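The chain below stands alone, shown as structure tokens; this is the form deposited in one PDB entry.
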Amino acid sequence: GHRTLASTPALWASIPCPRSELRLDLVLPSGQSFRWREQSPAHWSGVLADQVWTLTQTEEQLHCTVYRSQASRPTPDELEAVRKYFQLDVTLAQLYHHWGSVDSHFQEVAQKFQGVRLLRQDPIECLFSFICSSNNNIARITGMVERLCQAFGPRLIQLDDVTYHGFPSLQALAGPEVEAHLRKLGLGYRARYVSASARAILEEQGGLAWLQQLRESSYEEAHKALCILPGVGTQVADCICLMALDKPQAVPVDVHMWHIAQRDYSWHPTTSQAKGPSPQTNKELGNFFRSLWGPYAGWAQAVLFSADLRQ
């Protein structure tokens, strides 16, 4: 079972993370990841880098524990990796103050919201998690990702309810018959969007090296390269750039964001001649958000999305 605060006192790792700068219950279940589940209050658990990380939030520190195999005191490299994953080097207090100064609506929203941060996931893991994240509820996508990990991931241990496995390897997803096998699992048409987004990585784009080289590439070139892959629309490409390529300028735009804009910001497509989901409307909304907030508008977009879900 998942470790509780009174289970293993000597199997914890504490990092400086104040409550104001981060809210675990407002980020992980807000659709930013589909591999974390809640069993006990203020607890989350997900498999990254073939190791199961369980996270809890205290008043001013963040506690983490690791499942692999029978060792404690996780090495500092894991702490550095999780700090990069959580962007602990970036302070959101200044961004919140600037956003409140430029617009009072964010401050009104952030009156009770303080600590909706962003993640830095593995590009392969984030891409394959968000491939099947189109036109579905968060729970359905999370279950889909869990079933995919069970089917194509190396198992680690059964945590008294369900086995935990590492993320499926890229070689096992580029093979034939994968589409039908995943449709048997119940992925729908998105299963095909997985296959066309796997083989082309190794057979048409240049393998993992091409994908990893985009972490230091330009914004537009990386966005276009991600959009080249089948099934990768503008929204998922922006999400991957923001949460897997370290691109704060990427602002996801969707139905929740559009509803927020039309109900609180009263923004309308000026150049565009319609109000439906289109790349031109997405680009206009992104430009408007960047002009109104700045280069780090993705964090404010995530704050609004988390606020929209909890309302």
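Residue positions are given as counts along the sequence shown, with the first one as 1. Take the two forms, superpose them, and find the largest set of C-alpha atoms that agree within 1.5 Å; that set is the rigid core.
Keep in mind that the form deposited in another entry is missing from the display, and what follows is about it.
- When both forms sit on the same rigid core, the CA shifts between this form and the one not shown reach 2 angstroms or more only at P74 out of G233, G100, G143, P74.
- With the core held fixed between this form and the one not shown, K112 has its Cα displaced by at least 2 Å.
- Superposition on the rigid core between this form and the one not shown places the CA atom of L202 less than 2 Å from its counterpart.
- Core-superposed comparison between this form and the one not shown: the Cα of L187 travels less than 2 Å.
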